[PDB]
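S.K.: Sharing query_16.pdb below, PDB, C-alpha atoms and all ligand atoms:
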```
ATOM      1  CA  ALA V   1      16.217   6.584  21.295
ATOM      2  CA  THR V   2      14.510   5.106  18.227
ATOM      3  CA  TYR V   3      16.632   3.458  15.533
ATOM      4  CA  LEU V   4      15.405   2.248  12.130
ATOM      5  CA  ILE V   5      17.567  -0.148  10.105
ATOM      6  CA  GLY V   6      16.993  -1.385   6.554
ATOM      7  CA  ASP V   7      17.258  -4.862   5.067
ATOM      8  CA  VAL V   8      19.788  -6.979   6.967
ATOM      9  CA  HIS V   9      19.830 -10.016   4.613
ATOM     10  CA  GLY V  10      21.887 -12.203   6.902
ATOM     11  CA  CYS V  11      24.544  -9.533   7.487
ATOM     12  CA  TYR V  12      24.835 -10.228  11.203
ATOM     13  CA  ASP V  13      28.330  -8.770  11.670
ATOM     14  CA  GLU V  14      27.341  -5.478  10.044
ATOM     15  CA  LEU V  15      24.128  -5.282  12.067
ATOM     16  CA  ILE V  16      25.955  -5.716  15.366
ATOM     17  CA  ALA V  17      28.707  -3.276  14.342
ATOM     18  CA  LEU V  18      26.111  -0.639  13.450
ATOM     19  CA  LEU V  19      24.192  -1.157  16.692
ATOM     20  CA  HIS V  20      27.446  -0.820  18.640
ATOM     21  CA  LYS V  21      28.172   2.415  16.751
ATOM     22  CA  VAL V  22      24.949   3.983  18.106
ATOM     23  CA  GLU V  23      25.304   2.242  21.506
ATOM     24  CA  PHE V  24      21.913   0.595  21.084
ATOM     25  CA  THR V  25      20.680  -0.322  24.567
ATOM     26  CA  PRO V  26      17.497  -2.401  24.953
ATOM     27  CA  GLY V  27      15.349  -0.840  27.657
ATOM     28  CA  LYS V  28      16.512   2.661  26.705
ATOM     29  CA  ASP V  29      16.191   2.304  22.924
ATOM     30  CA  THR V  30      13.850   0.654  20.420
ATOM     31  CA  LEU V  31      14.944  -0.791  17.065
ATOM     32  CA  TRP V  32      12.701  -0.887  13.986
ATOM     33  CA  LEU V  33      13.664  -3.306  11.193
ATOM     34  CA  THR V  34      12.296  -3.155   7.632
ATOM     35  CA  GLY V  35      12.363  -6.937   7.135
ATOM     36  CA  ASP V  36      14.290  -9.188   4.798
ATOM     37  CA  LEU V  37      16.287 -10.291   7.820
ATOM     38  CA  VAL V  38      17.468 -13.387   5.994
ATOM     39  CA  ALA V  39      18.986 -14.682   2.748
ATOM     40  CA  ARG V  40      22.089 -13.870   0.669
ATOM     41  CA  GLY V  41      24.315 -12.834   3.571
ATOM     42  CA  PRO V  42      26.022 -15.561   5.575
ATOM     43  CA  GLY V  43      24.431 -15.112   8.998
ATOM     44  CA  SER V  44      20.659 -15.526   8.718
ATOM     45  CA  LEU V  45      20.672 -17.915  11.691
ATOM     46  CA  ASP V  46      22.450 -15.451  13.985
ATOM     47  CA  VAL V  47      20.267 -12.550  12.788
ATOM     48  CA  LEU V  48      17.039 -14.382  13.618
ATOM     49  CA  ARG V  49      18.340 -15.561  17.007
ATOM     50  CA  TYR V  50      19.376 -12.011  17.948
ATOM     51  CA  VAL V  51      16.271 -10.204  16.675
ATOM     52  CA  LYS V  52      13.971 -12.689  18.422
ATOM     53  CA  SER V  53      15.932 -12.157  21.654
ATOM     54  CA  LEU V  54      15.142  -8.415  21.573
ATOM     55  CA  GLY V  55      11.437  -8.922  22.379
ATOM     56  CA  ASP V  56       9.639  -5.610  22.952
ATOM     57  CA  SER V  57      12.826  -3.704  22.091
ATOM     58  CA  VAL V  58      12.375  -4.488  18.380
ATOM     59  CA  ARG V  59       9.513  -3.662  15.984
ATOM     60  CA  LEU V  60       9.866  -5.874  12.884
ATOM     61  CA  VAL V  61       7.904  -6.061   9.653
ATOM     62  CA  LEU V  62       8.131  -9.122   7.405
ATOM     63  CA  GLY V  63       9.675  -8.846   3.941
ATOM     64  CA  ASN V  64       9.473 -10.967   0.816
ATOM     65  CA  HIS V  65      12.594 -12.993   1.678
ATOM     66  CA  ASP V  66      11.264 -13.675   5.183
ATOM     67  CA  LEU V  67       8.080 -15.076   3.625
ATOM     68  CA  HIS V  68      10.091 -17.109   1.116
ATOM     69  CA  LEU V  69      12.072 -18.613   4.004
ATOM     70  CA  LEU V  70       8.816 -19.622   5.687
ATOM     71  CA  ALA V  71       7.666 -21.193   2.408
ATOM     72  CA  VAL V  72      10.882 -23.219   2.145
ATOM     73  CA  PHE V  73      10.608 -24.316   5.788
ATOM     74  CA  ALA V  74       7.000 -25.440   5.189
ATOM     75  CA  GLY V  75       7.910 -27.457   2.070
ATOM     76  CA  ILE V  76       5.976 -25.093  -0.203
ATOM     77  CA  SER V  77       8.953 -23.682  -2.133
ATOM     78  CA  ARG V  78      12.355 -24.924  -3.224
ATOM     79  CA  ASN V  79      15.520 -23.775  -1.478
ATOM     80  CA  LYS V  80      17.781 -21.679  -3.744
ATOM     81  CA  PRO V  81      21.491 -22.251  -3.019
ATOM     82  CA  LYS V  82      22.311 -18.548  -3.386
ATOM     83  CA  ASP V  83      20.037 -17.694  -0.445
ATOM     84  CA  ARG V  84      22.387 -19.473   2.022
ATOM     85  CA  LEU V  85      19.478 -20.576   4.244
ATOM     86  CA  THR V  86      20.646 -24.118   5.005
ATOM     87  CA  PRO V  87      22.359 -23.390   8.375
ATOM     88  CA  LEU V  88      19.149 -21.771   9.604
ATOM     89  CA  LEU V  89      16.893 -24.490   8.178
ATOM     90  CA  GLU V  90      19.049 -27.205   9.799
ATOM     91  CA  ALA V  91      19.437 -25.500  13.164
ATOM     92  CA  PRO V  92      18.051 -27.356  16.193
ATOM     93  CA  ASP V  93      16.009 -24.260  17.069
ATOM     94  CA  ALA V  94      14.684 -23.739  13.509
ATOM     95  CA  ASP V  95      11.089 -24.478  14.543
ATOM     96  CA  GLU V  96      11.264 -22.023  17.468
ATOM     97  CA  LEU V  97      12.783 -19.258  15.319
ATOM     98  CA  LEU V  98      10.473 -19.703  12.341
ATOM     99  CA  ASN V  99       7.292 -20.080  14.389
ATOM    100  CA  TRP V 100       8.270 -16.771  15.999
ATOM    101  CA  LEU V 101       9.010 -15.181  12.614
ATOM    102  CA  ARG V 102       5.647 -16.057  11.079
ATOM    103  CA  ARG V 103       3.890 -14.304  14.015
ATOM    104  CA  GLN V 104       5.508 -10.946  13.319
ATOM    105  CA  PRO V 105       3.648  -8.000  11.764
ATOM    106  CA  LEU V 106       3.476  -6.775   8.186
ATOM    107  CA  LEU V 107       2.873  -3.196   9.356
ATOM    108  CA  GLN V 108       4.114  -1.080  12.297
ATOM    109  CA  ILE V 109       2.439   2.201  13.316
ATOM    110  CA  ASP V 110       3.530   4.684  16.004
ATOM    111  CA  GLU V 111       0.919   7.419  16.402
ATOM    112  CA  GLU V 112       3.053   9.666  18.620
ATOM    113  CA  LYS V 113       5.826   9.678  16.022
ATOM    114  CA  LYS V 114       3.293   9.760  13.151
ATOM    115  CA  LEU V 115       5.407   6.968  11.695
ATOM    116  CA  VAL V 116       4.419   3.955   9.580
ATOM    117  CA  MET V 117       6.689   1.080   8.517
ATOM    118  CA  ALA V 118       6.183  -1.727   6.028
ATOM    119  CA  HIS V 119       8.694  -3.691   3.988
ATOM    120  CA  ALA V 120       7.902  -2.185   0.571
ATOM    121  CA  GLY V 121       5.926   0.883   1.681
ATOM    122  CA  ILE V 122       2.212   1.754   1.575
ATOM    123  CA  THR V 123       0.447   1.602  -1.766
ATOM    124  CA  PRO V 124      -1.227   4.946  -2.619
ATOM    125  CA  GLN V 125      -4.441   2.952  -3.136
ATOM    126  CA  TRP V 126      -4.703   2.364   0.639
ATOM    127  CA  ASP V 127      -5.798   4.645   3.424
ATOM    128  CA  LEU V 128      -4.585   3.818   6.922
ATOM    129  CA  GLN V 129      -7.676   1.875   8.004
ATOM    130  CA  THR V 130      -7.452  -0.341   4.918
ATOM    131  CA  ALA V 131      -3.734  -0.938   5.401
ATOM    132  CA  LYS V 132      -4.413  -1.939   9.014
ATOM    133  CA  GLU V 133      -7.234  -4.291   8.030
ATOM    134  CA  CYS V 134      -5.159  -5.947   5.297
ATOM    135  CA  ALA V 135      -2.155  -6.381   7.566
ATOM    136  CA  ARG V 136      -4.407  -7.965  10.181
ATOM    137  CA  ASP V 137      -5.866 -10.383   7.631
ATOM    138  CA  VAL V 138      -2.536 -11.656   6.342
ATOM    139  CA  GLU V 139      -0.971 -11.748   9.816
ATOM    140  CA  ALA V 140      -3.915 -13.923  10.841
ATOM    141  CA  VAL V 141      -3.259 -16.483   8.116
ATOM    142  CA  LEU V 142       0.496 -16.488   8.793
ATOM    143  CA  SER V 143       0.071 -17.065  12.538
ATOM    144  CA  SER V 144      -2.491 -19.841  12.070
ATOM    145  CA  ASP V 145      -1.884 -23.585  12.019
ATOM    146  CA  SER V 146      -2.842 -23.515   8.333
ATOM    147  CA  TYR V 147      -0.124 -21.082   7.250
ATOM    148  CA  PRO V 148       1.442 -23.440   4.608
ATOM    149  CA  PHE V 149      -1.777 -23.178   2.570
ATOM    150  CA  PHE V 150      -1.548 -19.370   2.541
ATOM    151  CA  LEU V 151       2.152 -19.400   1.721
ATOM    152  CA  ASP V 152       1.339 -21.512  -1.314
ATOM    153  CA  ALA V 153      -1.524 -19.215  -2.286
ATOM    154  CA  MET V 154       0.575 -16.055  -1.913
ATOM    155  CA  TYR V 155       2.641 -16.574  -5.063
ATOM    156  CA  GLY V 156       1.308 -14.665  -8.066
ATOM    157  CA  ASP V 157       1.422 -11.278  -9.776
ATOM    158  CA  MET V 158      -2.352 -10.585 -10.084
ATOM    159  CA  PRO V 159      -4.568  -8.847  -9.238
ATOM    160  CA  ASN V 160      -2.498  -5.659  -9.225
ATOM    161  CA  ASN V 161      -5.321  -3.162  -8.582
ATOM    162  CA  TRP V 162      -6.889  -2.708  -5.142
ATOM    163  CA  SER V 163     -10.645  -2.809  -4.605
ATOM    164  CA  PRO V 164     -12.601  -3.267  -1.356
ATOM    165  CA  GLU V 165     -14.605  -5.797  -3.400
ATOM    166  CA  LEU V 166     -11.584  -8.090  -3.827
ATOM    167  CA  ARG V 167     -12.191 -11.479  -2.247
ATOM    168  CA  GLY V 168     -10.361 -14.693  -1.617
ATOM    169  CA  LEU V 169      -7.016 -15.667  -3.112
ATOM    170  CA  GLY V 170      -6.752 -12.493  -5.185
ATOM    171  CA  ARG V 171      -7.288 -10.305  -2.130
ATOM    172  CA  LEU V 172      -4.555 -12.068  -0.142
ATOM    173  CA  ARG V 173      -2.166 -12.052  -3.110
ATOM    174  CA  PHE V 174      -2.623  -8.323  -3.670
ATOM    175  CA  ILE V 175      -2.094  -7.576   0.028
ATOM    176  CA  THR V 176       1.114  -9.620   0.098
ATOM    177  CA  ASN V 177       2.454  -7.984  -3.045
ATOM    178  CA  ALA V 178       1.637  -4.443  -1.850
ATOM    179  CA  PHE V 179       3.336  -4.909   1.520
ATOM    180  CA  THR V 180       6.366  -6.945   0.418
ATOM    181  CA  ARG V 181       7.073  -6.605  -3.341
ATOM    182  CA  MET V 182       5.843  -3.155  -4.505
ATOM    183  CA  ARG V 183       8.217  -0.709  -6.179
ATOM    184  CA  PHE V 184       6.610   0.908  -9.231
ATOM    185  CA  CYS V 185       3.022   2.002  -9.849
ATOM    186  CA  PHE V 186       1.058   2.997 -12.912
ATOM    187  CA  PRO V 187      -0.459   6.499 -12.767
ATOM    188  CA  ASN V 188      -3.700   5.094 -11.317
ATOM    189  CA  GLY V 189      -1.796   3.382  -8.474
ATOM    190  CA  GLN V 190      -1.872  -0.134  -9.934
ATOM    191  CA  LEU V 191       1.171  -2.251  -9.040
ATOM    192  CA  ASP V 192       3.833  -3.207 -11.560
ATOM    193  CA  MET V 193       5.352  -6.534 -10.502
ATOM    194  CA  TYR V 194       8.208  -6.701 -13.026
ATOM    195  CA  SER V 195      10.428  -3.608 -12.901
ATOM    196  CA  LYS V 196      13.114  -3.620 -10.198
ATOM    197  CA  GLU V 197      15.217  -0.753 -11.603
ATOM    198  CA  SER V 198      16.022   2.633 -10.162
ATOM    199  CA  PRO V 199      13.364   5.280 -10.868
ATOM    200  CA  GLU V 200      15.554   6.958 -13.502
ATOM    201  CA  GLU V 201      15.887   3.656 -15.402
ATOM    202  CA  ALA V 202      12.251   2.556 -15.362
ATOM    203  CA  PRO V 203      10.075   2.554 -18.498
ATOM    204  CA  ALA V 204       7.299   5.112 -18.717
ATOM    205  CA  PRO V 205       4.678   5.556 -17.427
ATOM    206  CA  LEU V 206       6.004   3.789 -14.310
ATOM    207  CA  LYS V 207       6.622   5.941 -11.230
ATOM    208  CA  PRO V 208       7.675   5.015  -7.685
ATOM    209  CA  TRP V 209       4.774   4.250  -5.385
ATOM    210  CA  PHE V 210       5.855   7.174  -3.206
ATOM    211  CA  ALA V 211       5.646   9.608  -6.143
ATOM    212  CA  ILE V 212       1.854   9.165  -6.240
ATOM    213  CA  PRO V 213       0.107  11.103  -3.438
ATOM    214  CA  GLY V 214      -1.643   8.710  -1.101
ATOM    215  CA  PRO V 215      -3.676   9.332   2.039
ATOM    216  CA  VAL V 216      -1.250   7.579   4.384
ATOM    217  CA  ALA V 217       1.789   9.448   3.101
ATOM    218  CA  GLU V 218      -0.081  12.753   3.451
ATOM    219  CA  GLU V 219      -0.470  12.262   7.221
ATOM    220  CA  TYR V 220       2.369   9.915   8.251
ATOM    221  CA  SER V 221       6.047   9.479   7.631
ATOM    222  CA  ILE V 222       6.737   6.121   5.958
ATOM    223  CA  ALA V 223       9.888   4.067   6.483
ATOM    224  CA  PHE V 224      10.539   1.075   4.258
ATOM    225  CA  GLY V 225      13.270  -1.181   2.901
ATOM    226  CA  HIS V 226      13.131  -3.646  -0.011
ATOM    227  CA  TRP V 227      14.035  -1.413  -2.959
ATOM    228  CA  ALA V 228      17.805  -1.705  -3.086
ATOM    229  CA  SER V 229      18.245  -0.157  -6.550
ATOM    230  CA  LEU V 230      16.804   3.039  -5.057
ATOM    231  CA  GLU V 231      20.027   3.219  -2.989
ATOM    232  CA  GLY V 232      18.095   5.048  -0.262
ATOM    233  CA  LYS V 233      17.992   8.169  -2.459
ATOM    234  CA  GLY V 234      15.447  10.184  -4.386
ATOM    235  CA  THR V 235      12.524  10.190  -1.977
ATOM    236  CA  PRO V 236      10.194  13.045  -0.996
ATOM    237  CA  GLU V 237      10.097  14.607   2.440
ATOM    238  CA  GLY V 238       8.556  12.172   4.890
ATOM    239  CA  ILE V 239       9.600   9.047   2.943
ATOM    240  CA  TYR V 240      12.574   7.073   4.288
ATOM    241  CA  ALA V 241      14.086   4.420   1.993
ATOM    242  CA  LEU V 242      16.396   2.547   4.341
ATOM    243  CA  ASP V 243      17.604  -0.356   2.138
ATOM    244  CA  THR V 244      21.087   0.627   0.956
ATOM    245  CA  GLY V 245      22.042  -2.888  -0.170
ATOM    246  CA  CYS V 246      24.316  -4.236   2.561
ATOM    247  CA  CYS V 247      24.173  -7.824   1.279
ATOM    248  CA  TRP V 248      25.022  -6.530  -2.235
ATOM    249  CA  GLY V 249      28.275  -4.899  -1.154
ATOM    250  CA  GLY V 250      26.533  -1.620  -0.355
ATOM    251  CA  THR V 251      25.944  -0.424   3.203
ATOM    252  CA  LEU V 252      23.699  -1.020   6.179
ATOM    253  CA  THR V 253      21.868   2.191   7.123
ATOM    254  CA  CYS V 254      20.502   3.201  10.525
ATOM    255  CA  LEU V 255      18.319   6.274  11.050
ATOM    256  CA  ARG V 256      17.828   7.737  14.525
ATOM    257  CA  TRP V 257      14.311   9.138  14.612
ATOM    258  CA  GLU V 258      14.657  11.871  17.225
ATOM    259  CA  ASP V 259      17.202  13.901  15.222
ATOM    260  CA  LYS V 260      16.917  12.199  11.805
ATOM    261  CA  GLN V 261      20.607  11.378  12.067
ATOM    262  CA  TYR V 262      22.035   8.668   9.790
ATOM    263  CA  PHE V 263      24.699   6.113  10.739
ATOM    264  CA  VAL V 264      26.183   3.801   8.109
ATOM    265  CA  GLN V 265      28.073   0.497   8.310
ATOM    266  CA  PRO V 266      30.054  -0.564   5.225
ATOM    267  CA  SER V 267      29.510  -4.030   3.832
ATOM    268  CA  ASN V 268      32.208  -6.547   4.710
ATOM    269  CA  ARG V 269      31.634  -8.398   1.399
TER
HETATM  270 MN    MN C 301      15.674  -6.913   0.467
HETATM  271 MN    MN C 302      12.494  -7.133  -0.225
END
```
Starting from the file, give its structure as C-alpha cells.
Ligand SMILES: [Mn+2]
Ligand SMILES: [Mn+2]
M.R.:
Amino acid sequence: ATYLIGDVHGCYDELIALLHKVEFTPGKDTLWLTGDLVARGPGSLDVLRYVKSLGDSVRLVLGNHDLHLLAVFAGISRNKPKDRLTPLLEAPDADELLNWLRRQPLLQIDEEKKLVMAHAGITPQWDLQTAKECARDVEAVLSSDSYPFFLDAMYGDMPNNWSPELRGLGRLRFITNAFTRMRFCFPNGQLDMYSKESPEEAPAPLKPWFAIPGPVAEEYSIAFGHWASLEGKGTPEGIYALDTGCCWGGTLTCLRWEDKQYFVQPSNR
C-alpha cells in the first residue's frame, strides 16, 4: 500500500501511532512524506533517525523548516529557541542525519499513479519538465560540498515571477520559494510571499496556487503539505493538502492512495 503523510514537525509519537494504525510495513508498503519533518514538536531527532532508516520505503520531499535546519547546522542562520532543534543539532549522529537530509529530493513523481509531491505544491507557472529541471538544479546545490553558500543565497522574497530567462541567485531563490514557501498567487501566477492565511481570509486578488489552472495539475494529482491554515480543506479534485497542523495541536493526516482512505492521529499537545 501507499501512504502519504503531511508535515510531521517533530511529532514522532504521533507519526509512529499513525503508522501503527495503518499497519505500515516496509517491504509491503511505501510512505510519502511532505517534508517539514523537524521543528516545533519535541522529537525532531527521533523523526530524522526513523525516516532515514526507512531507505527505499520512504519518498521524502524537503520543506522550508528542513532547509532552515540545514542552514542552522551550517552556521548560516541563527537557531530559534521555539524550533526545539538543539537535541538534534547536538546529537552524536547529527552530521550523518543532516548530510542524509540535504541529499533528499524537492520533488517526487510516480508516473503509474500519476502523482506528484512537493512541500508547497507546484506553481501554475511550471510545466512538469520545468519543475523537474528546477528540482534537479536545487538538489544539486544542496548535495554538493558547497551547500552552505546556497543556503545563504536562498533567503529572499524576489523574484516572484517565473521566467526561463531567470539566471543566478534569483533563479535559485524563486525555485526554493515555489517548492517550499508558496501559498497564494496573483492572477498571473506570481507568488505572494507574505500572506499565510486561509483562502477565505486572504486579501484580494490573492488566490491559492491550486485555484489557478496549471499544466501539471491538469495531468497529475498533486500532494503537498506546508499550508497549515488551509486545514487540509477546500481543494479541487486531484489536489491533496495533507498538512492538518499536528505540531499546532491539530492532527496528523495519512492518506492511503489505493482507496483514497484517510486516517487521522490527534495531536498529543
Ligand atoms: Mn509545515
Ligand atoms: Mn512548510
S.K.: May I have a table of the residues of chain V lying at most 9 Å from ligand MN 301 (chain C), giving each one's closest pair of atoms and their distance in Å to one decimal, counting all atoms listed in the file, ordered by chain and ascending residue number, as a tab-separated table?
M.R.:
```
residue	atom	partner	partner_atom	distance
V:6	CA	C:MN301	MN	8.3
V:7	CA	C:MN301	MN	5.3
V:8	CA	C:MN301	MN	7.7
V:9	CA	C:MN301	MN	6.6
V:34	CA	C:MN301	MN	8.8
V:35	CA	C:MN301	MN	7.4
V:36	CA	C:MN301	MN	5.1
V:37	CA	C:MN301	MN	8.1
V:38	CA	C:MN301	MN	8.7
V:39	CA	C:MN301	MN	8.7
V:63	CA	C:MN301	MN	7.2
V:64	CA	C:MN301	MN	7.4
V:65	CA	C:MN301	MN	6.9
V:119	CA	C:MN301	MN	8.5
V:225	CA	C:MN301	MN	6.7
V:226	CA	C:MN301	MN	4.2
V:227	CA	C:MN301	MN	6.7
V:228	CA	C:MN301	MN	6.7
V:243	CA	C:MN301	MN	7.0
V:245	CA	C:MN301	MN	7.6
V:247	CA	C:MN301	MN	8.6
```
S.K.: Pick from V:233, V:32, V:183, V:248: nearest to residue 109 of chain V, with all atoms listed in the file counted?
M.R.: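 Result for the nearest residue to residue 109 of chain V: V:32.
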S.K.: Counting all atoms listed in the file, which residues have an atom no more than 9 Å from (20.7, -18.9, 3.7) in the file's coordinates? Please list them as a ChimeraX atom specification.
M.R.: /V:9-10,38-45,69,79-89
S.K.: So that I can see what lies close to segment 190-201 of chain V, please list as a short mmCIF file (atom, residue, chain, number, x, y, z; two decimals) with C-alpha atoms, in the frame of the given file the residues with an atom at most 9 Å from it, counting all atoms listed in the file and leaving out residues fewer than 4 positions away in the same chain.
M.R.:
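The new file part_19.cif reads:
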```cif
data_model
loop_
_atom_site.label_atom_id
_atom_site.label_comp_id
_atom_site.auth_asym_id
_atom_site.auth_seq_id
_atom_site.Cartn_x
_atom_site.Cartn_y
_atom_site.Cartn_z
CA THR V 123 0.45 1.60 -1.77
CA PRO V 124 -1.23 4.95 -2.62
CA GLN V 125 -4.44 2.95 -3.14
CA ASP V 157 1.42 -11.28 -9.78
CA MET V 158 -2.35 -10.58 -10.08
CA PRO V 159 -4.57 -8.85 -9.24
CA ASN V 160 -2.50 -5.66 -9.22
CA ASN V 161 -5.32 -3.16 -8.58
CA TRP V 162 -6.89 -2.71 -5.14
CA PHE V 174 -2.62 -8.32 -3.67
CA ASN V 177 2.45 -7.98 -3.04
CA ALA V 178 1.64 -4.44 -1.85
CA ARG V 181 7.07 -6.60 -3.34
CA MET V 182 5.84 -3.16 -4.50
CA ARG V 183 8.22 -0.71 -6.18
CA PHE V 184 6.61 0.91 -9.23
CA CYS V 185 3.02 2.00 -9.85
CA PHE V 186 1.06 3.00 -12.91
CA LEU V 206 6.00 3.79 -14.31
CA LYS V 207 6.62 5.94 -11.23
CA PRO V 208 7.68 5.01 -7.68
CA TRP V 209 4.77 4.25 -5.38
CA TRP V 227 14.04 -1.41 -2.96
CA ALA V 228 17.80 -1.70 -3.09
CA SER V 229 18.24 -0.16 -6.55
CA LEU V 230 16.80 3.04 -5.06
CA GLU V 231 20.03 3.22 -2.99
CA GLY V 234 15.45 10.18 -4.39
#
```
S.K.: Find the spatial neighbours of segment 130-139 of chain V, counting all atoms listed in the file, within a cut-off of 10 Å - ignore same-chain residues fewer than 6 positions away - and output them as a list in words.
M.R.: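 Near neighbours after the sequence-gap exclusion: residues 62, 102, 103, 104, 105, 106, 107, 108, 109, 118, 122, 123, 147, 150, 154, 164, 171, 172, 173, 174, 175, 176, 178, 179 and 216 of chain V.
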S.K.: So, counting only C-alpha atoms and all ligand atoms, which residue among V:46, V:14, V:66, V:29 is closest to ligand MN 302 (chain C)?
M.R.: V:66
S.K.: Could you check how far atom CA of residue 51 of chain V sits from atom CA of residue 145 of chain V, in Å to one decimal?
M.R.: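 Rounded to one decimal, the two atoms are 23.0 Å apart.
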